[PDB]
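Letters go in sequence order (proteins before strands), and every chain restarts at 1.
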Amino acid sequence: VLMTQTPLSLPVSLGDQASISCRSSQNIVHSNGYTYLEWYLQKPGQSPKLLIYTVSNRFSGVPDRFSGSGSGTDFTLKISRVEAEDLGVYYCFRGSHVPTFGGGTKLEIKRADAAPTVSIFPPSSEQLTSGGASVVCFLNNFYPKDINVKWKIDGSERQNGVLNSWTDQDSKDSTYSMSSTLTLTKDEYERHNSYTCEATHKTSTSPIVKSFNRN
Amino acid sequence: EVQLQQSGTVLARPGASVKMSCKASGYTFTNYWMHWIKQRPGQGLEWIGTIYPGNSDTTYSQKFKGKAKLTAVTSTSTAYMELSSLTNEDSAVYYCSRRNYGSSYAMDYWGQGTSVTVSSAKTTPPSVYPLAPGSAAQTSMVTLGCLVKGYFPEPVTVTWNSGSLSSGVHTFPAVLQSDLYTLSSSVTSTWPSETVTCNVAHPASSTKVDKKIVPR
DNA sequence: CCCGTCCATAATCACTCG
DNA sequence: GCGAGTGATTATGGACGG
């Protein structure tokens, strides 16, 4: 009785057309002929807003570049020409019987590739006597979002004990940014000398290495 | 002007419960179904249930029966939802919305959301840590930063130079590093020549501290 | 013939208005 | 008398089959 949406992420180039798909395991028409299928948009930080109801009826205040269509078990939401403002998650939703939301489809603006401008940082003097020691690596402004990050202690790989945070695709330049932190103890950080950060991006099969040593 | 105003952020302990509200105004409360939607961090929208203030008629997603209980006080056009036996999974933003009819058949008006956080952890101030490059890289603009960790609860007011710097800034989502959160910010030649320091403040801890990024 | 489950879903219906 | 006109969502009436 679920609603499945495709794709899980749609990359479109500004000005070009985007099309999200929503399918029901079965015929969702109400016994009155109406098909209470809706689409909603939620932008980061905001609350979900209504785009379309009953399959194709556009909601007042909603841009004309939004249209919806379908029947029985297949329904589509289309953005004739994507505007840079359109980034966010779109969700279809069945409003009849036992209401249910689709899994949602994230809209990303398809922009040109970019390599991670990395910069590593050594644990601050303040932190050292204050318990542990945290090494940080910022991988700012890059595209696409699919990237990976490995840490190395004296050339050796360090995968345990790290933490990453990503940032939603910036709405102006359309790039992503992530951060990796390595929390080693104080006695541990002191036991080694080399610390590195490498990022594997689809730009090339050649990583981007940035490092520092305790001197 | 239809408007739905929900109560503010909340923190409860595993096993405790919570009751949140949604005040409506601008329309006839008793003629529309009010819906409730849940959204966990980075997850999707999840329908919970609905109530008709006109007759207290209710319905719950099978998954929330017993977990969520809804009520509505008519004379005050306010709708409530109470969550019991809270767990880590009940942590999220909860919305209320109005099912409209006539000029549109859907959820046309939404509240702003009520963040609920479940944890047995305690209130702790951040430990902002200054971060500057260690000087080993091929470099007209340098990226330096600030770290914030071991703090609880959310959120943290992180600004650069009391609000002067906005671009070249990347503040990251507080992640969970052992009962407490940790976040970071990286700012992007006029340094260290001039002063560029970190301005972090914690409403909850009732603290405000600045860490001046001084070279090594 | 009573009752709990499962089942597929269009107002092409049921009924008041002229 | 009979054909056009008219309602809606937030669950259900009917077909098994035990």
Side-chain angles (χ1 to χ4, degrees), chain A residues 1-4 22-41 47-62 68-77 91-102, chain B residues 2 4 6 20-24 26-39 44-74 77-83 94-111:
Chain A
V1 67
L2 298 175
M3 304 294 319
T4 64
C22 174
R23 308 174 184 178
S24 172
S25 28
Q26 267 184 305
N27 191 186
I28 60 163
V29 310
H30 186 275
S31 74
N32 63 13
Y34 287 112
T35 301
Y36 302 105
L37 181 284
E38 299 126 47
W39 296 84
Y40 293 91
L41 168 49
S47 287
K49 298 182 182 174
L50 163 76
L51 294 176
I52 276 79
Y53 58 106
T54 41
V55 185
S56 54
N57 299 259
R58 191 181 291 92
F59 183 51
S60 66
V62 169
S69 54
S71 171
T73 77
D74 224 88
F75 317 82
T76 314
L77 175 82
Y91 297 86
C92 55
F93 170 85
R94 178 175 93 238
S96 52
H97 301 333
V98 50
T100 312
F101 277 95
Chain B
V2 177
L4 296 169
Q6 300 180 248
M20 65 184 93
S21 64
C22 162
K23 176 142 196 172
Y27 66 95
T28 307
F29 190 70
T30 59
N31 291 186
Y32 308 63
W33 288 83
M34 181 80 70
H35 290 256
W36 293 83
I37 298 91
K38 175 181 168 187
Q39 173 165 69
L45 296 173
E46 199 171 327
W47 186 86
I48 295 167
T50 180
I51 175 165
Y52 194 73
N55 51 36
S56 322
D57 197 9
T58 67
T59 294
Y60 303 67
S61 168
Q62 168 52 47
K63 180 181 181 173
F64 293 93
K65 283 165 173 171
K67 166 63 73 176
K69 285 179 179 192
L70 310 165
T71 45
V73 171
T74 293
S77 310
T78 297
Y80 301 87
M81 176 165 75
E82 179 163 33
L83 303 180
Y94 293 78
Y95 304 90
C96 60
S97 63
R98 172 246 232 163
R99 185 80 189 173
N100 183 50
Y101 69 85
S103 76
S104 74
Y105 295 71
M107 292 177 293
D108 59 342
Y109 284 100
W110 298 63

- Query: How does protein reach along nucleotides 4-10 of chain C, written 5' to 3' as B (base within reach of a heavy atom under 4.0 Å), S (only sugar-phosphate), or - (no contact)?
  - Reply: ----BBB
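Ring centroid separation for the pair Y32(B) and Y101(B) comes in under the 6.0 Å cut-off.
Partners of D57(B) under the salt bridge (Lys or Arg N to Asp or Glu O under 4.0 Å) rule, at least two apart in sequence or in another chain, do not exist in this structure. Qualifying side chain to side chain contact (heavy atoms under 4.5 Å, CB included) partners for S71(A), counting only residues two or more places apart in sequence or in other chains: none. For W110(B), the ring pair (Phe, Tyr, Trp, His ring centres under 6.0 Å) partners two or more places apart in sequence, or in a different chain, are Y40(A). Every residue two or more places apart in sequence or in another chain that forms a salt bridge (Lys or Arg N to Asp or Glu O under 4.0 Å) with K67(B) is listed here: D90(B).
A distance of about 24 Å separates the P atoms of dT9(C) and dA8(D), rounded to the whole Å. The same atom, P, is picked in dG7(D) and in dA8(C); the two are 33 Å apart, to the nearest Å. Comparing the same atom, P, in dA15(D) and in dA11(D) gives a spacing of 23 Å after rounding to whole Å. Atom name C1', nucleotides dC16(D) and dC13(C): the rounded distance is 25 Å, in whole Å. To the nearest whole angstrom, the two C1' atoms, one in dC6(C) and one in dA10(C), are 22 Å apart.
Rounded to a whole Å, the CG atom of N100(B) is 15 Å from the P atom of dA8(D). Between the CH2 atom of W47(B) and the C1' atom of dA11(D) there is a distance of 11 Å, given to the nearest Å. Rounded to whole Å, the distance from CG on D108(B) to P on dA8(D) is 18 Å.
Stacking status of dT12(C) with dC13(C): not stacked, per the base-ring test of centres under 5.5 Å and planes under 30°.
The closest donor-acceptor contact from the side chain of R94(A) to the backbone of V1(A) lies under 3.5 Å. Side chain of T50(B) to backbone of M34(B): a donor-acceptor contact under 3.5 angstrom is found.
Of the two residues contacting DNA chain D, namely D57(B) and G102(B), the nearest-nucleotide position lying further toward the 5' end is that of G102(B).
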- Task: Starting at the 5' end of DNA chain C, write a dot or bracket for each base, bracketing those in Watson-Crick or G-U wobble pairs whose two distances are under 3.5 Å and using | for partners on another strand.
- Result: .|||||||....||||||
- Item | Steps toward side-chain hydrogen bond (donor to acceptor under 3.5 Å, both in side chains) verdict (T54(A), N57(A)) | CA-CA 6 Å; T54(A) 41; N57(A) 299 259; 2.7 Å; yes
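Using bins of under 30°, 30° to 60° and over 60° for the plane-to-plane angle, the ring pair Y36(A)/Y105(B) lands in the tilted bin.
Under 3.5 Å, the side chain of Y105(B) and the base of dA8(D) form at least one donor-acceptor pair of N or O atoms.
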